[PDB]
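Here we start with a single chain on its own, the form deposited in one PDB entry, put down as structure tokens.
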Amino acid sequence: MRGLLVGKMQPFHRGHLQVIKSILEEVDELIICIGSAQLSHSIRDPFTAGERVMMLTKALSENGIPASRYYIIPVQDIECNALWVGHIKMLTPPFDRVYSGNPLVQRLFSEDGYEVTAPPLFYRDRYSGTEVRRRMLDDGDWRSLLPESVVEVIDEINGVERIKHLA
């Protein structure tokens, strides 16, 4: 039983970790696709796919989740939404269920015949990429929104200095 979760992870936050843990209770393995893998250095998409791979890797490992239970696969975006589900299938192992709170992702997989689950949102008011990046820019408390390992990655790659300069 393999599930699929897709997200920009800009950056990977506590909401992401929580949903992943719950998902791992109903599936044997979880395919985690880092979408928009081609975007980086913008206010909405500051981190490269590689930096995000490290964020995910450290965070999951830090939380004791065995690496054998998940796949981290960067996925560049494409121009045709009608071909995106096929695009994901082509780059990933086979999967039985799709977990997503993103309307577009839900509708695309739904139309393709996949069962789509929308997990309950975990503190959607604070655990969102938008809030995290807003706090980084306005000097708010973004650190509490992310697993400690992610904060370390961001510090190491000078993530805040980057996003502030770009803004």
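We call the rigid core whatever largest set of C-alpha positions still superposes within 1.5 Å between the two forms. From 1 onward, residues are counted along the sequence shown.
On average the C-alpha atoms of 141-149 have higher B-factors than those of the other stretch, with 6-14 and 141-149 being the two compared. When the mean C-alpha temperature factors of 120-128 and 49-57 are read from the deposited coordinates, 120-128 comes out higher. Residue-level temperature factors show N102 in the middle third of its chain, judged at the C-alpha atom. Ranked by C-alpha B-factor against the other modelled residues of its chain, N63 falls in the highest third.
When the modelled residues of the chain are ordered by their C-alpha B factor, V27 lands in the highest third. For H41, the recorded CA B-factor ranks within the lowest third of the chain. Only modelled residues enter the ranking.
Quick note: we don't show the form deposited in another entry, though the next part is all about it.
Just a single entry of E62, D112, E26, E29 exceeds or equals a 2 Å CA shift between the shown form and the other one, which is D112 (rigid core superposed). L137 is not among the residues whose C-alpha shifts by 2 Å or more between the shown form and the other one once the rigid core is aligned; its shift stays under 2 Å. Positional change of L121 between the shown form and the other one reaches 2 Å or more at the C-alpha, relative to the superposed core. By 3 Å or more, the C-alpha separation between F122 and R143 grows in the other entry relative to the form shown here. Note on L24 and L121: their C-alpha atoms are nearer in the other entry, a change of at least 3 Å from this conformation.
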